[PDB]
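Please treat every number below as a calculation from the coordinates, not as lab data. Counting neighbours? That spans all protein chains shown, and the Cβs are built from the backbone with ideal geometry, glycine included.
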């Protein structure tokens with residue numbers, strides 16, 4: 001669920017890092033249209049597509065099993081769609097971490113006007 | 001999509017989602033576990049379950065058709081899925097507006113140290 005994804009983010013990037021993704025770009029957080037603006041944004045686009053590929057369940061509400069091992073996120077023993085959902089978040093948190101050096105403040109809080117392109121295809 | 005749900009919310013509640021509901025409670029924000037803290041929070045859990053009912057399109061990125069008319073929100077689509085997402089967003093924005101009178105800032109960032117009890121079930 002997003003409580004877990006937020007801890008995966010916080011555990012990989014640092015305390016309070018999840019709140020940097022509340023609204024950033026055309027895709028991260030409260031958005032979802034147009035062209036991703038940057039690598040961080042594309043992380044979020046991919047995650048949206050990853051969540052959209054999940055059938056039969058509801059990732060916002062799913063509780064899966066995971067831990068950190070040597071600094072790195074590890075998906076536990078998840079069955080069926082839980083495995084898919086944990087992995088979507090794992091990948092995306094790792095993506096955020098690996099792109100934290102291109103994170104650009106000016107992309108926080110875009111209004112939809114900046115995202116009026118035909119939305120990238122999954 | 002979430003840009004549109006964010007518009008509906010501003011229009012109906014006077015609040016910018018990214019600074020308020022997006023960090024609120026155990027359900028409106030990055031949550032999906034524990035008890036709904038209050039009416040606003042419950043509206044969000046209802047909207048999660050609503051999204052849960054959506055199978056053929058991604059509610060986060062599906063761009064639907066709507067307008068405001070006399071204070072009401074009107075969902076204009078044909079594609080049944082687009083319309084079903086729009087109706088989810090509409091009901092929740094209407095529910096948020098009905099409960100803004102008990103918005104409580106103390107639920108902002110509540111999921112960092114709470115939401116650890118029995119979760120709500122759809």
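Restricting attention to the range A:45-84, report how many residues are in a helix (DSSP H, G or I), within 11 Å of chain B (Cβ to nearest Cβ) and closer than 17 Å to residue B:51 by Cβ. Don't jump to the end; show me each part of the working.
Step one: list which residues in the range A:45-84 are in a helix (DSSP H, G or I), which gives A:45-52, A:81-84.
Of the ones still in play, those that are also within 11 Å of chain B (Cβ to nearest Cβ) are A:45, A:47-52.
Restricting the remaining residues to those that are closer than 17 Å to residue B:51 by Cβ gives A:47-52.
So the answer is 6.
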Filtered residue count, the range A:10-41, keeping only those that are more than 9 Å from chain B (Cβ to nearest Cβ), on the phi < 0 side of the Ramachandran plot and touching a residue at least 40 places away in the same chain (Cβ under 8 Å): 13
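Return the only residue of B:33, B:4, B:37 being closer than 21 Å to residue A:1 by Cβ and facing chain A (nearest Cβ under 8 Å).
Values: B:4 fails: closer than 21 Å to residue A:1 by Cβ; B:37 fails: facing chain A (nearest Cβ under 8 Å).
That would be B:33, the only listed residue that is closer than 21 Å to residue A:1 by Cβ and facing chain A (nearest Cβ under 8 Å).
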Search result, residues across the range B:98-114 that are in a helix (DSSP H, G or I), more than 16 Å from residue B:19 (Cα to Cα) and touching a residue at least 60 places away in the same chain (Cβ under 8 Å): B:102
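How about the range B:97-121: which of its residues are within 14 Å of chain A (Cβ to nearest Cβ) and surrounded by 13 or more Cβ atoms within 10 Å (Cβ to Cβ)?
From the range B:97-121, those within 14 Å of chain A (Cβ to nearest Cβ) are B:108-121; that's our starting set.
Answer for the range B:97-121, where residues must be within 14 Å of chain A (Cβ to nearest Cβ) and surrounded by 13 or more Cβ atoms within 10 Å (Cβ to Cβ): B:108, B:109, B:110, B:111, B:112, B:114, B:115, B:119, B:120.
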Filtered residues of the range A:85-122 (kept if out of contact with any strand residue (DSSP E or B) (no Cβ under 9 Å at 6 or more places or on another chain), surrounded by fewer than 16 Cβ atoms within 10 Å (Cβ to Cβ) and not in a helix (DSSP H, G or I)): A:99, A:100, A:101, A:102, A:111, A:116, A:117, A:118, A:121, A:122
Where residue B:10 falls short, out of the listed (1) within 14 Å of chain A (Cβ to nearest Cβ); (2) crowded, with 16+ Cβ neighbours inside 10 Å: (2)
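Here is a list: B:55, B:78. Which entry is in a loop (DSSP other than H, G, I, E, B), surrounded by fewer than 12 Cβ atoms within 10 Å (Cβ to Cβ) and without any contact (Cβ under 8 Å) to a residue 24 or more places away in the chain?
Numbers: B:55 fails: without any contact (Cβ under 8 Å) to a residue 24 or more places away in the chain.
That would be B:78, the only listed residue that is in a loop (DSSP other than H, G, I, E, B), surrounded by fewer than 12 Cβ atoms within 10 Å (Cβ to Cβ) and without any contact (Cβ under 8 Å) to a residue 24 or more places away in the chain.
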